[PDB]
Amino acid sequence: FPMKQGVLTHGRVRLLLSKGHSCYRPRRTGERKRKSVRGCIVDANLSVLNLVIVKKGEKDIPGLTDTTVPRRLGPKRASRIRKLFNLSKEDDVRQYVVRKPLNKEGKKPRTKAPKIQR
Amino acid sequence: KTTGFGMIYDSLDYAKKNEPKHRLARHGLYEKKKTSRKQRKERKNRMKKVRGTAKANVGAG
Amino acid sequence: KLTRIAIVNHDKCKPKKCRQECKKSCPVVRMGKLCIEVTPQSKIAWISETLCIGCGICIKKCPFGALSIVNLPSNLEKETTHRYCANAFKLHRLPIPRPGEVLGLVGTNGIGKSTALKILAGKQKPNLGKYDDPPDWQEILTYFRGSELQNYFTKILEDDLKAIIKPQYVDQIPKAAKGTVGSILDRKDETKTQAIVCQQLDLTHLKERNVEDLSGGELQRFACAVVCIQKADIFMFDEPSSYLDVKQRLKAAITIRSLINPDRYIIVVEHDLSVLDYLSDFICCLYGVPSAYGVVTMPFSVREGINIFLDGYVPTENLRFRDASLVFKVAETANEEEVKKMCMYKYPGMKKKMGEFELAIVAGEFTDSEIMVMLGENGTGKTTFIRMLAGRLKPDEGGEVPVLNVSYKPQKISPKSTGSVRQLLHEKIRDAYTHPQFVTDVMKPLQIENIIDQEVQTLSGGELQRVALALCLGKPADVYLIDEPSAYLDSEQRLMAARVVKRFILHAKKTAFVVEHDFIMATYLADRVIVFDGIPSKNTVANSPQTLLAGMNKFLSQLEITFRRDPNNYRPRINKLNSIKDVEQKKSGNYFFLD
Amino acid sequence: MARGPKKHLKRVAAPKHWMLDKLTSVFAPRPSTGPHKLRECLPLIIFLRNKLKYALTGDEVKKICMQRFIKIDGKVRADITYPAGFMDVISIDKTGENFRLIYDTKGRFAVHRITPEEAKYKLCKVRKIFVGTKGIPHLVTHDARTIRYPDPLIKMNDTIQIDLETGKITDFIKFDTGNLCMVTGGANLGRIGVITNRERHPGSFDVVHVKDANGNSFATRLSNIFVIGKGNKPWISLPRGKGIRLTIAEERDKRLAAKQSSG
Amino acid sequence: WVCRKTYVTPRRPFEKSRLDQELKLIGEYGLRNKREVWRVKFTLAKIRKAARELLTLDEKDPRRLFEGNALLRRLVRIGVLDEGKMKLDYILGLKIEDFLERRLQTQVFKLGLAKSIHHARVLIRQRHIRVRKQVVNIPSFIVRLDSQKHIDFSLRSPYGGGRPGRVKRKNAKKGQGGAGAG
Amino acid sequence: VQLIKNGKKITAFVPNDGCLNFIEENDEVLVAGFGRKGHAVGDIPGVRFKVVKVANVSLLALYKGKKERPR
RNA sequence: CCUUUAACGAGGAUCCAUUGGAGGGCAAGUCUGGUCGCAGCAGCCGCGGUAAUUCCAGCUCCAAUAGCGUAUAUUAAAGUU
RNA sequence: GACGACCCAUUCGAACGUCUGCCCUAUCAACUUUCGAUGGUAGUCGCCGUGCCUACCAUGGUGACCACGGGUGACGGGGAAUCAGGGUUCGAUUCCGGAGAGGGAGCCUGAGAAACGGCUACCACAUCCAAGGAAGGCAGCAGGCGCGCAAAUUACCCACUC
RNA sequence: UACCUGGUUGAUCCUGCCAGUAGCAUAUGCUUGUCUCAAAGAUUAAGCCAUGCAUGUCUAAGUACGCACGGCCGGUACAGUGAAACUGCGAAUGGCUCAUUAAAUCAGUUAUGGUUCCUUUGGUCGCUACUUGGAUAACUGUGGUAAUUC
Ligand SMILES: Nc1nc2c(ncn2[C@@H]2O[C@H](COP(=O)(O)OP(=O)(O)NP(=O)(O)O)[C@@H](O)[C@H]2O)c(=O)[nH]1
Ligand SMILES: Nc1nc2c(ncn2[C@@H]2O[C@H](COP(=O)(O)OP(=O)(O)NP(=O)(O)O)[C@@H](O)[C@H]2O)c(=O)[nH]1
Ligand code: SF4
Ligand code: SF4
Ligand SMILES: [Mg+2]
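Residue numbers (the numbering used here), protein chains in the order written: chain S, 1 to 118; chain D, 1 to 61; chain G, 1 to 595; chain P, 1 to 263; chain Z, 1 to 182; chain Y, 1 to 71.
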């Protein structure tokens, strides 16, 4: 049973749910189901928790923070490219796009780009 | 006596475009496959019950 | 056409507030014979089975809807897909081979399951009543016109669906075919899938070894492997899970489960505990009378079908009789007289070897008038040891000779004695403890008379196993060597027979070395348990003999697999490899609850 | 059944002036919404395989209409069904053909081929006058065209000639006694004759007498009358038959006189 | 779809007088059953009912004219009525037997090539005649007046040009395999 | 005879000679009225019903001998 | 499937028409054998008590016919609503 | 060219309202009312008209020309069988209208639904479960059980008709 | 085809019913060559239901950085082909049943000048701007539950 916010004491309660709430998937428009969920307040009755690192300490835990993975994708929209590389209004963006490598295909490597909007 | 109904097209491509498929395949240049019936519907309802990846069911059952 | 009978017990079925209209307006209880027996009383209304003609008149004007109407199974020349001739077995229905799921086929022994597979395979084609002057790929297609099997059988004809089956028996083969080591399986076929099959088959041992040095395990393994690697369209698995380890059986079910999904048809058999949950997705039950008539019921969901098959008789939707507790022994009983006297023997800690095996025994107490249980994993050195103790090869150093004559139960049963079984029963004796005995294993409900006559060549697995069960308490001998009686028996036939075997050898003063792979088969039949530990084709240790509980805990601690008690009916239910509670039992180490 | 609008019309529910059979299946085409009413329409596909027989199946019409050889009222249409009715022009420019939809004396939409010059306009009845915003007038017609700034003497039950190219009517007829009229509904249908007389009732269902050039007098409701031109002088072309409305006896006599069923 | 009966049964089940008339009528024309008789008499009594209306309608009513004119044409076109009559009163003088003269099997016998009437029915069924260009197998053709001068045998038969039957060509092969090689 | 769907009792005639023997006690039968639609027929009083089929088999074929008892 | 066409395909014994009835109402046996108020038939009237035109059979005959019989609802017959 | 949007007209309708038409029964003759019955005045609500609802006020409304009540193996009509004339009997059922999806009630979405191939609850059922929970509604086509005197293939296919 | 016949008596004439007669539609018995058309779980239980299927949808033209295929090199709206996913639309049509329902349903006739109306068709389109703002899916990666289109 999943945990959501705003569901004080930690009992198992059956709330009405609809689009724009946690732990609901519509299979039809306007559909409303009444599934069971479980409260915010933590106990030892839980299987697993998700802790997000916020503040980084002095030390480096070996299996996580030492490992470094870059984020994949640059922007697809116009104005995000302008904000990012700090271009002026007049500079005519046409070569400030990220070029995403196709590593192999047994033919040749491509470099992909997205399609600008606005 | 026997009585039928016949078309005569000006060129091939005007027939090949217009023509219902089975009449073209009547003297072969086309076929069907596709493949019988059923194998479609039982796959469809299995594809319905996955989300994001359905490539297993399209090849894989 | 069929059978009809009344049934009576219900929630406030109240013979003390209805005046009893069931007795007042029944036609049978008017012409003299009391079918319905009732009074103003504290109990239930009583109604007979045999005297009820059917009618349903009592039901329509009982003031409470307590009495319902059942219909009992009977033959009425209906459908009749095939017969051999006359005074012989017949089958009615062979039904939909639904693709993209595996079809699980679950009935008592000698009921025609194997026969339905033979017909589905196109090999023994169906005869449908008669005698069978129609075939040929026309008349049967016209008969099962309007349905489905027209599309199936025309696709077969044309061999668009290519047939493969795993055969019911091992024996005739390792005898009918032969096998080149390595080279054989090799020039079988082809690649990645054989490597997946042999590796997920968890063997890793018999890659460099000749077939004749192998046993049940190796055999089954290779068989299944080749069968799968066999490039084909259809696929049939008869009885795939016989005489195999508990851990190894689960990894067999999932390698079968690989083949299913992309427009493929698949038929499995089996006589299960609760592993059929992972074997099949549709369960199809068969009913009737063993070796007389068999009827196939339309398929159900596995969860819904399982219980209704072992529940004791689920119909709705038809109906029948019998069927109930059998997934254990629920034979509540125990205690004796004074047991006097006894002994302390004791067999010594021998060290034994063959070629690719180091096999070791520890000293233990082999008590008078008392059972001993062997397991433990396939390849854990149990059978050949017993032969080496008795006389065949061995020993280099030391040993103890049997004080009592000896009874040999074999496991590799595929015997050849031309003539009849009755001739062989004269090499035993049918006068001794003459009051029932063989008759107390079976006589009244499943029939024997059924065990004589006929040929042993044409006899089926559980009956053939029963021939071997008789060959043991049948020459004069009192120390008993039994490997795998659970082979080719179900739950209904195995558990009662096992209890009968224990009663014989304990009560008239004997000792038996039982080599079960069955929770119910092992448990109710156990005491010492002795535990065999170690890796196949390396090392075997018989663990110094300890407690049923402690020995079973040693076996299941290494394997990593556990059971649950079905709480209403006291029945075993296997766990799904790795669960939640599959963690409380691992810690409590406890794999059995409620002694 | 109903909870909202329907989308099927069967064979046998459908009107009889489309001349449907009964040994093709349960459904009939059903015209989709448009300017004409379904008891006055001729659906497009019924013109193309139940009259002229270019097409043979409905799938053929779907392959034809997409090519854009079809027009209706000088504009291009591209669907299986369109609800063309009385006084519209179909125009196939590839064959160089032009049709007009008008009534036989039998009372069903015939083939009335015409010159392309005639097919540049149609005759439209006025039904309602409605003053729009800021002192601007409107017309409303049976083909549902709203033509702004008409001449200020045109009133309902008149008819007006519309140029399909530019809209914006060029000329008109005024409803008067002795002008020539056609019937568009009711028991009398397809009859041609002059007005002769009018009759008024305060309330509703005023009637309009009619007389033809065969010396017969008949009457019909007001709202089934349509004007075609001044007395004995249509401003349109007329088909054969010409509103005579022969008895069945005389029709028998013609057929056995010419002995006409072969060429 | 649409179906209806073409005959009716007699109100009385038995009556010595009736049965003899139905028997002797069937004898003359070679009819199979009384159902082939009552069929005729249904059509006739139907036509006798329609006529019985129009005589009571006003003279020179338009309904009376158009019906009668086109009706009598049909009675003349099949030839059960003359045009030297041509009025509605002679409809009631029409009777059962005149129809049966215009039956196919009757016209084969009467104006063509046959033995007894029992023969002629068999020739119609065994496909040895035609009507203008067209094979028939129905002895209940009832034959329009114009088509009486086109009744001929068939153009593929052993009667006239066309291949012989299997009794002749059998016996021809008895000259070659029955006494020529057997 | 007692009925299936009412449980009430009806007294029913049996036709031709020796057909009584082909009806055996505590089996099912099929009944039918005489052909006078409410009233007792002939010289037999108190009977308003007769019997036609014993068990999917007619009294005719049992009597004539073109069928046999199915038991 | 139908229509169209090869090649085989009729001597009556079989390439087999049945369902009811024969005292009257109501079309057809005061023929022969058996039963003897028994068994059964009979919508109705009535048949059977040792010479049965009505029962059980044989022969013959009658009606309808690829259909015919039986039960029940209902209309006509009913100017007995 | 494509798409979208505001209003008017049009089309497809939808919703209320007018006049006339109904099977058996009096061993059903008086019925309806502050738990609104009939009307007046004002308001609320609703897409709108309206005792639809509320406040205040009046005492009406209906019936031997059969009300009111009860019964119906009563869905209505276009029609069907028989029939000289006049009638009698039947109409579940291919077209049109209506009502309902196990029994009741409530509600979301949308232009349109008080929807059940949507949802929520109660009640009657029935299924799985590691007993913590979860899932369901064939009066759709086939098919099974039951019920009975009584009724078909778990077939083939979007080529036709839409 | 607007038709009658047998039965109360010793015999006759009436009254009157019973029986005989023909059609229609359901069941059932017996029999059965050839050809076309085709009604069919309504009657009783609007009783209860295993399994399978019966509603989905992309054009030149809403959104393509799938490590997909492809490329002739690309991306500078930028390809061609394109699974998946967001978006729009439909799912209120049809099919089925006859349980409820006696001025109700329904039919003919009338009324919106008492109202609402997707859609089509025709009109309506002027008191940082060289283009604005910030998140979600697919995707990538880590999971929980005996079990679910979770
Ligand atoms: N006479 C005869 N009987 C046969 C033959 N084959 C099978 N049978 C009989 O048919 C019955 C059922 O056979 P089978 O399908 O093998 O039974 P089963 O259900 O598979 N048996 P089990 O459950 O023990 O595995 C048995 O009584 C068997 O003896 C045969 O060739 N001849
Ligand atoms: N290398 C080798 N192995 C052999 C030879 N003979 C037999 N074996 C194998 O050695 C193993 C000894 O254990 P065994 O007692 O047979 O086991 P089991 O009792 O049959 N166990 P399970 O029934 O579970 O398979 C078996 O797998 C057997 O096949 C031999 O000559 N050489
Ligand atoms: S069953 Fe029905 S009738 Fe027989 S006793 Fe229980 S209640 Fe009284
Ligand atoms: S069922 Fe038929 S027989 Fe058994 S009791 Fe009820 S009535 Fe008597
Ligand atoms: Mg077997």
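From the three backbone atoms N, C-alpha and C, an ideal C-beta is built for every residue, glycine too.
Between which two residues does the alpha helix (DSSP H) harbouring residue i extend?
i, result
"residue 23(G)", "21 to 24"
"residue 186(G)", "183 to 186"
"residue 253(G)", "246 to 257"
Do residue i and ligand 3 come close, with the Cβ less than 8 Å from some heavy atom?
i, result
"residue 34(G)", "no"
"residue 19(G)", "yes"
Are there 16 or more other CB atoms within 10 angstroms of the CB of residue i, so buried, or fewer, so exposed?
i, result
"residue 103(P)", "buried"
"residue 495(G)", "buried"
"residue 50(Z)", "exposed"
"residue 166(G)", "buried"
"residue 108(Z)", "buried"
"residue 268(G)", "buried"
"residue 195(G)", "exposed"
Who pairs with residue i in a beta bridge, going by DSSP?
i, result
"residue 117(S)", "77(S)"
"residue 124(P)", "160(P)"
"residue 166(P)", "In the DSSP output, where bridge partners are listed per residue, residue 166(P) has none listed."
In terms of residue numbering, what span does the beta strand (DSSP E) encompassing residue i cover?
i, result
"residue 113(Z)", "Premise fails: residue 113(Z) is in no beta strand (DSSP E) and is neither H nor E."
"residue 268(G)", "267 to 269"
"residue 130(Z)", "129 to 131"
"residue 97(P)", "97 to 100"
So does residue i have its beta carbon nearer than 8 Å to some heavy atom of ligand 1?
i, result
"residue 463(G)", "yes"
"residue 107(G)", "yes"
"residue 113(G)", "yes"
"residue 80(G)", "no"
Say the cut is 8 Å; is the CB of residue i nearer than that to a heavy atom of ligand 2?
i, result
"residue 294(G)", "no"
"residue 380(G)", "yes"
Shorter than 8 Å, the distance from the beta carbon of residue i to the closest heavy atom of ligand 4, or not?
i, result
"residue 334(G)", "no"
Hey, would you say the C-beta of residue i is under 8 Å away from at least one heavy atom of ligand 5?
i, result
"residue 110(G)", "yes"
"residue 239(G)", "yes"
"residue 411(G)", "no"
Practice task
Could you say if the stretch 423 to 433 of chain G and the stretch 190 to 198 of chain G meet the contact criterion of at least three C-beta pairs nearer than 8 Å?
Solution key: no
Exercise for the section: Flag this pair as touching only if the stretch 334 to 351 of chain G and the stretch 362 to 375 of chain G have three or more C-beta atom pairs under 8 Å; answer yes or no. Expected result: yes
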